[PDB]
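In what follows, a structure is listed as structure tokens, so that the remarks can point back to it.
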Amino acid sequence: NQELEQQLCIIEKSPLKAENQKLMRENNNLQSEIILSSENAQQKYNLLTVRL
Amino acid sequence: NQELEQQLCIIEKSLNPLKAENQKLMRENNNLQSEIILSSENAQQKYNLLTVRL
Amino acid sequence: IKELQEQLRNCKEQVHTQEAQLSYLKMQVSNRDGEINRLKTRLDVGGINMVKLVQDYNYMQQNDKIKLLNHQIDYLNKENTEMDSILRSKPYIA
Amino acid sequence: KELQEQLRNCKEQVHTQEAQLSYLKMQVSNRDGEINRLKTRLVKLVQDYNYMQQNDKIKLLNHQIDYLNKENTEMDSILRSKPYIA
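Protein chains in written order, with the authors' numbering: chain A, 56 to 69, 72 to 109; chain B, 56 to 109; chain C, 233 to 326; chain D, 234 to 275, 283 to 326.
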């Protein structure tokens, strides 16, 4: 029972939740990047359309 | 020991599966959003041809 | 103008080698899809890999703990050092 | 004569194709890295040999917390009495 508490503390004081919480941030960034390349490209080519 | 197991039982039956599903789907989104950026690269691929004439 | 045909004959080669690679890459795109869901399916079944994630997580977390406590050492060590530096001889003798 | 234009279209097509290959080398290579990320999510001995050695450095560090230091308890008593010069 003691050996188990010794390993349980590995989580209590620092996994899946950690990746989850990062993903909750990481995908806001990937989402931002798809926007900032998709909509941003649209503006870049609104400019190329006019420029060309 | 039963309680040590119960803490794990709670974690494994009700928390980890949510995190597992959420990270799974968020990994699908991370993968997909790494892709999708690749689709914005497809927008870029179009752009890259427009830039030929520039 | 003759020489243009020769260069065209050369240009047409790649063209052919690119056609081959383009096919390859498209196929590889399918293989990447063929690697990734696949990994999603594996997650849909289980594994995750929960154990590996815990142990690798722990590795970096312990490393962050050594840094946090090292911070605590510089803090305590210097607060005590300076307090002693003053205080032990503050009156010098008195 | 018109061969100049023939050559031109093929070359432009070649370069377009090169670009397409490069675009895909990238889309594909990125997929590798995207998947490598998952390979990295989905030697026990080292995990035990650091964790356990990280664990031990921390325990040593906890003893350093006491030498480097816990003396601050003792130091406040001196922080209280050495100012008695005033």
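No residue lacks a Cβ here, since even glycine has one placed at the ideal position from N, Cα and C.
Check, Outcome
"Beta carbon of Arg-270/D nearer than 9 Å to that of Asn-85/B", "yes"
"Contact list for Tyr-291/D against chain C, beta-carbon separation under 8 Å", "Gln-287, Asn-290, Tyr-291 and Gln-294"
"Coarse secondary structure for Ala-75/A, derived from DSSP in three states", "helix"
"Neighbour flag for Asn-77/B against chain D, beta carbons, 9 Å", "no"
"DSSP three-state assignment for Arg-264/D, whether helix, strand or coil", "helix"
"DSSP state of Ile-92/A mapped onto helix, strand, coil", "helix"
"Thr-273/D - DSSP class collapsed to helix/strand/coil", "coil"
"Through-space distance from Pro-323/C to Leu-73/A, alpha-carbon basis", "57 Å"
"9 Å Cβ cutoff met for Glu-90/A and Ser-95/B", "yes"
"C-alpha distance - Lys-244/C paired with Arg-241/D, whole-angstrom precision", "11 Å"
"Neighbour list for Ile-280/C in chain A, Cβ cutoff strictly below 8 Å", "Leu-73"
"Burial state of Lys-299/C, where buried means 16 or more other Cβ atoms lie within 10 Å", "exposed"
"contact_flag[the segment 252-264 of chain D, the segment 269-284 of chain C] where n(CB pairs < 8 Å) is 3 or more", "no"
"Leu-109/A, DSSP secondary structure in three states", "coil"
"Alpha-carbon spacing of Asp-276/C relative to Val-283/C, whole angstroms", "17 Å"
"Cβ shell of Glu-314/D (< 6 Å), same chain only, five flanking positions each side left out", "none"
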